[PDB]
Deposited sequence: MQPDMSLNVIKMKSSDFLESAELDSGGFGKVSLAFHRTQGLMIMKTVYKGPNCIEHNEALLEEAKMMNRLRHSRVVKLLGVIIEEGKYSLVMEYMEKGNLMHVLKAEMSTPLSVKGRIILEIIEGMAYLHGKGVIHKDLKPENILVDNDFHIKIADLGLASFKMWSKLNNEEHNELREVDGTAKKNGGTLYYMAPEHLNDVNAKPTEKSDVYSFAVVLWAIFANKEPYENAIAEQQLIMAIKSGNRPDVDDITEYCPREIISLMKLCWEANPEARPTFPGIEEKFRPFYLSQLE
């Protein structure tokens, strides 16, 4: 079961607050609701939390607790000191090849874990890749794409597979996440968002659906050839042409090991 937490256990998407738990220290509280009583929801919510709490691995964030109070509902998640991946890439300092390589490996590990549990992320992107004080990463579902009830209770398209652009009814598959990961590889080397010279959303969506992809040229820092190859394979228009995360890991780990570790 999930840990039940109380708002009075604390000191000083949704209302996101760095909160100091009076016993366990710094955590992140995502208060998803404040308003009229709605106890009818409760059961479901609790259940959902438990389900989502079974997803435990070094490379995914932990649900530390839930607050289920009269008209106040909160998810409490571990605190990731360095914030999201894009924030980390965009700070004054910098990162060796080896470290960006490790970040990629840890992303692969996390996604392989989720897929091994039968869980499709659906919204993998740098905002959902959080970084600890030691530059190790954990994948998160901050937009609550998989927490259906908490989402109900309660938006870049740059990393979304083209089969979902202008088709919201198509079901996502593991390959949806593999595409997202390809654009993440790009962003890790460009240190910024793709498509900066797109005309506008409509035309850009149509261009991506017709095969346009992030500009490999706008990567001006060094990116290993096999990571360029990898991102191009993972963003193939045909989802069937994209590899699985196990296939990805079984190529990437020894490359990281033989050239980057």
Any chance you could give me the deposited-sequence numbering of all the stretches lacking C-alphas? 1 to 7, 20 to 27, 170 to 187
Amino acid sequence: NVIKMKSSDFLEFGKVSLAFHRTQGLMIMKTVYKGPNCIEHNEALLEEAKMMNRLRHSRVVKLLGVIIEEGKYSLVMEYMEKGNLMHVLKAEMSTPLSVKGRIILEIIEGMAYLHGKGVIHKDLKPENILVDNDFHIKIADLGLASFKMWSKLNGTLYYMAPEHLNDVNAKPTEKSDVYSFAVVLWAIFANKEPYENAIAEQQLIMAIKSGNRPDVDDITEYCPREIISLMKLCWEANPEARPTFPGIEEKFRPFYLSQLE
From here on, numbers count along this sequence of modelled residues.
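Under this definition, the rigid core comprises the largest set of C-alpha atoms superposing within 1.5 Å between the forms.
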Report the stretch with the higher root mean square CA deviation, pooled over structures and residues in 9 other deposited structures of this protein, choosing between 134 to 142 and 155 to 163 after a rigid core fit. 155 to 163
Per-stretch CA RMS vs shown form in 9 other deposited structures of this protein, rigid core as reference, larger of 201 to 209/22 to 30 is 22 to 30
Looking across the other entries that model both neighbours, is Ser58 missing in at least a third? no
Is it true that at least a third of the other compared entries have no coordinates for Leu45? no
Could you check which stretch, 73 to 81 or 170 to 178, carries the larger mean CA temperature factor in the entry? 73 to 81
When mean C-alpha B-factors in the record are compared for 220 to 228 and 35 to 43, the larger belongs to 35 to 43
Just grab whichever of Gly143, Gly155, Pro162, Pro126 has the top CA B-factor as deposited. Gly155
Return the residue from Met93, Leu185, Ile107, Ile120 that has the highest Cα B-factor in the entry. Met93
Among the modelled residues of this chain, does the Cα B factor of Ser58 put it in the lowest, middle or highest third? lowest
Sorting the chain's modelled residues by C-alpha B-factor and splitting them into thirds places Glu201 in the highest
Using only modelled residues of the chain, where does the Cα B factor of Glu240 rank: lowest third, middle third or highest third? middle
What third of the chain, by the recorded C-alpha B-factor, contains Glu250? middle
Splitting the chain's C-alpha B-factors into thirds, which one does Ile67 fall into? highest
